[PDB]
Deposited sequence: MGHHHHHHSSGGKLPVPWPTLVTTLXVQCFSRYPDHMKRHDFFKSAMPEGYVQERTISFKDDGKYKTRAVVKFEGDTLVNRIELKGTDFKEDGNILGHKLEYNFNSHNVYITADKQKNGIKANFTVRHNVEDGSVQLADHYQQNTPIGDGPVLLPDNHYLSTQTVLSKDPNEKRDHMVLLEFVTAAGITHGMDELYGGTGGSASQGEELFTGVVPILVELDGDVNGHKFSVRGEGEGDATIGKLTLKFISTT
């Protein structure tokens, strides 16, 4: 069935290990350094004048596939707002994801604001607060301050009768071998994404499949409602 929220509001929740880190920045790539054991990615996303999402994800390898499992809890949303009212355009803006090391917890943090285009020509802001912690014990890379520059395009499959999102995404690190986990990304890697969602009591699920190429920073995924 159709998702109770717009697809664009789920983009950031639905694998930053596929960001392209330039050769001079491989020392700062926490995400790959946590592989294959993986990392926990937790976020609070606050929609301006509306509700909020709380997400916890496990991102790790399962065989040769990079898997992103997520639980999402949405609360306090307006019945007539841009989210539950489905007033967001089917597109996605480019953002800068600002990353800082979290030495106390052997991980990283991120703060950034996503801008969702509204059908009336305005914008719906979504403030993101992000924390990443390794799952394994092996050494990871704690980075200097930098950011990820994102580009995304959303499309549809014309023959797909289920609610779905086709996504192509390019992310490059900026603002400024180093791990064995970095070596797990020298080629095209299959991706699986599974999200369990609850927004204002409306339960839903999403499954995504595709591939990532961290040498160019390219993600190609198709997500489908499995509710």
request  = Where the model has no C-alpha, note the corresponding stretch of the deposited sequence, numbering from 1.
outcome  = 1 to 11, 26, 189 to 201
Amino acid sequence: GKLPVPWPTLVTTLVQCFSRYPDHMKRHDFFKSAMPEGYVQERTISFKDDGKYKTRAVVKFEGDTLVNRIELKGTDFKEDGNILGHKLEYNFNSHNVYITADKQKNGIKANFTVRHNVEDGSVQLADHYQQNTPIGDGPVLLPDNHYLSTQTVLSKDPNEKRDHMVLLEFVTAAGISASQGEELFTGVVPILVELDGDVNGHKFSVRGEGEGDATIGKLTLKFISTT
From here on, numbers count along this sequence of modelled residues.
key: Mean Cα B-factor comparison, 55 to 63 or 25 to 33, giving the higher one as deposited   = 25 to 33
query = Do the C-alpha atoms of 110 to 118 or of 79 to 87 have the higher average B factor in the entry?
reply = 79 to 87
task = Among the candidates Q16, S205, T215, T9, give the one with the maximum CA B-factor reported in the record.
result = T215
ask   = With respect to the C-alpha temperature factors reported in the PDB entry, which of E169, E194, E42, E182 ranks highest?
value = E182
key: Cα B factor band for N68 (lowest, middle or highest third within the chain)   = lowest
Relative C-alpha B-factor of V188, binned into the chain's lowest, middle or highest third = highest
ask   = By its CA B factor, does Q124 count among the lowest, middle or highest third of the modelled residues in the chain?
value = lowest
request  = Could you tell me which third, lowest, middle or highest, the C-alpha B-factor of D163 occupies within its chain?
outcome  = lowest
key: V97 CA temperature factor, ranked by third within the chain   = middle
